[PDB]
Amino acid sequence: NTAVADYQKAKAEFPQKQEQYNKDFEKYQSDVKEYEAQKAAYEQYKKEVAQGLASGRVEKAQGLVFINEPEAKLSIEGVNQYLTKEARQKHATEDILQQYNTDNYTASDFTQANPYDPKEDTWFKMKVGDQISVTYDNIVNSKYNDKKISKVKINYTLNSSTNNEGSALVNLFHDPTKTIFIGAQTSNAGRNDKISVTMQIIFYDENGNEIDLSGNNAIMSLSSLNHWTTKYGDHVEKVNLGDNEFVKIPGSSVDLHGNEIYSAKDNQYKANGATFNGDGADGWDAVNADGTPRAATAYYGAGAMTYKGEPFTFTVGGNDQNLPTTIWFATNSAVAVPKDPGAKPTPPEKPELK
C-alpha cells in the first residue's frame, strides 16, 4: 500500500509537469514548422536531381573534389604587413569582433617580413587595391574530373573596407578549402561601407599545368551568406559571381538580385521572419573549427556556383558604426543542400492525473 505517497507525489508534481508540457508543446509547434520547411526543400531537391533540373547539377555535374586539405602549405606574394606573432598572441583571447577591430592595432603590430611558417595559418593586413597571390601545395585529397590536383593558386584583392584606413585584417588558413577570415572596424555611421574582396582560384594538375574548367563540372559552395537586421546593423553578405554561374539551392534564403547573390531579407532570426535561427550550437550557421557545417539546415543560408575559372567578389557590410565587420568566406566543393529531416515531430503527451 503506497496510495497516499503516490497520490501526494502526483499532486505535488503536477504544476511542474504542466509547465514542462507547455514548453514542450511550444517546441513541437516550432519544430513542425521547421520540419515542413526542410521537408519541402528536400523533396524539391530530390525532384531537381531526378528530373535533371538546373539545381540538380550539384549532384549530377560535380567533378570537383576540393573539401579537406589539412596538410597544405602556403607561399604568399604581395603582402607587406604581416601581423607579428606577439600581436596575434595579445589579441587571441579577445572576442572575435574585438580581434578584428582594426582600431586596436598599431603599426608596431605589423612587420614586412613574414614570421609565419608555410605550414600554419597566417595573419596579415590587406591594403585596398593591392592584389596578393597565395600558392597552396601539399594537396593530397583533391581532384577535378579525375585529374588529381597538385597545387592551388588563389589571388585576393581588397576593393574596399569598412574602416577609414583602406585596410582589413586577415587570417589566411593554410588549408585553401577554408579560404579567409577577414574583418575591420566599422568606422562610419550610415551602413553603407563594405569589405569587398575579389578572388580567383586556379587548380593545377600533377604536371603543373592549369586545369581547364570549361566542362562546367566545378560546382563550388557559397554558403553562410548571412543577412541579419538588428539595432546594431543591417548586415548583408553578398557574392558577385562575375562570369561564373549561379546554382540556386532549393529552399534557400539566397537568390540572384541583379548582379549579386544574397538573402534579400533577414535569414538569421525567426523573430525577424527567418525560417530557422542562425545563431547557437543548433543554428543553421553553426560551424566547426574545420569550417564544416554542423547543421542539416545549412542550405538555408547558402548558394552555389558553377565555377568557370573567372574572378568573383564577396562583400559584407551594413553594420552600425563601432561594431566591427567580419566574414569567414570559404568556398570549396561541399555545397550545402537540403537533407532528409527524418520523421515529422510528434506532439508531447499531455500530463494527466486521471
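Just count from 1 along the sequence shown to find any residue number.
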Inset, instruction - On mean C-alpha B-factor from the PDB entry, just flag whether 153-161 or 183-191 is the higher one. - result: 183-191
Inset, instruction - On mean C-alpha B-factor from the PDB entry, just flag whether 42-50 or 310-318 is the higher one. - result: 42-50
Inset, instruction - Select one of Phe329, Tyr299, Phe66, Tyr28: the residue whose C-alpha shows the highest B-factor in the crystal structure entry. - result: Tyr28
Inset, instruction - Using the entry's values, work out which of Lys127, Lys147, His257, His174 has the largest Cα B factor. - result: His257
Inset, instruction - Sorting the chain's modelled residues by C-alpha B-factor, tell me whether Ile201 ends up in the lowest, middle or highest third. - result: lowest
Inset, instruction - Could you say whether, by C-alpha temperature factor, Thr325 belongs to the lowest, middle or highest third of its chain? - result: middle
Inset, instruction - Ordered by C-alpha B-factor within the chain, which third holds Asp279? Give me lowest, middle or highest, please. - result: highest
Inset, instruction - Would you check the entry's CA temperature factor for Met305 and let me know if it's in the chain's lowest, middle or highest third? - result: lowest
Inset, instruction - Divide the modelled residues of the chain into thirds by Cα B-factor and specify which third, lowest, middle or highest, holds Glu210. - result: lowest
